[PDB]
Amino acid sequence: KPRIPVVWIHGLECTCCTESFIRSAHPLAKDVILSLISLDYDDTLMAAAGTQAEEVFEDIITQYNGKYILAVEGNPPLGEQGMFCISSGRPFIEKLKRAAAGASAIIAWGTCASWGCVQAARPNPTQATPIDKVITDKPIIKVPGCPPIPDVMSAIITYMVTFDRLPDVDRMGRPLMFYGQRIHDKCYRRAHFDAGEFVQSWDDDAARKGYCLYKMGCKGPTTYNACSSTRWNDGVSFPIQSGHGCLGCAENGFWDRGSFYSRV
């Protein structure tokens, strides 16, 4: 049977979300691409470049108008008439708007597309702006994190394909399945938090016993994601497990909430 058309575009970004996707352990990204979806446009992976890539973009969005899912990584800059991010000689925002117009739904991968991420941190030189402030007439599913967890990305994809519907979302557009609870409410170091057992300086005796990272700046108490449950990279670790507090990377504005090493 034909597979669902997917167009994946890239604004201002670091490409971490694309890298995260290809880390998926189950299903393998290979199997997602070969068997689950039709990944019809993606600047990182596609053979065609230049005019041949432009032809792909135009053919797909025309032939599959109203039927494709638009995945977006990164964001549009409003500064310099949009020419902080140029595609085919024109502002990226024009590509975003054209792609969004024909989409049935939009997945905003990562904190860049969802909220702004690093380029939007003070003083936001380029006036980088999240997708949902530009596209206001399409469903947008926010999948935040810098990047989101690989197997969260693939689980969201499989859910949508298997169940033929968008995931249910919270009031900010995040899938409830993975973003309904805080890091701190599923953190394996919570016993230490509750007992007042804290790392006070790096590599102290507390750190060598896996005590809580709150006093080292962990932002788990205010961050919604699946890192403490699903974990990263085939479940091998997550930030806190390897000794660093959560930075807050799934939350809007996390770069500008003070130092990562200042409490709460």
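All residue numbers refer to positions in the sequence shown, first residue = 1.
- Per-stretch averaging of Cα B factors for 41 to 49 and 235 to 243 places 41 to 49 on top.
- Taking the PDB entry as given, 64 to 72 carries the higher mean Cα B factor of the two stretches 64 to 72 and 219 to 227.
- Of the candidates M153, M177, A105, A121, the PDB record gives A105 the highest C-alpha temperature factor.
- Which of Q181, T111, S87, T158 has the largest Cα B-factor in the deposited entry comes down to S87.
- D203: CA B factor lies in the lowest third for its chain, per the PDB record.
- For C117, the recorded CA temperature factor ranks within the lowest third of the chain's modelled residues.
- Sorting the modelled residues of the chain by their CA temperature factor places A128 in the middle third.
- Ranked against the other modelled residues of its chain, the C-alpha B-factor of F163 as given in the entry falls in the highest third.
- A29: CA B factor lies in the middle third for its chain, per the PDB record.
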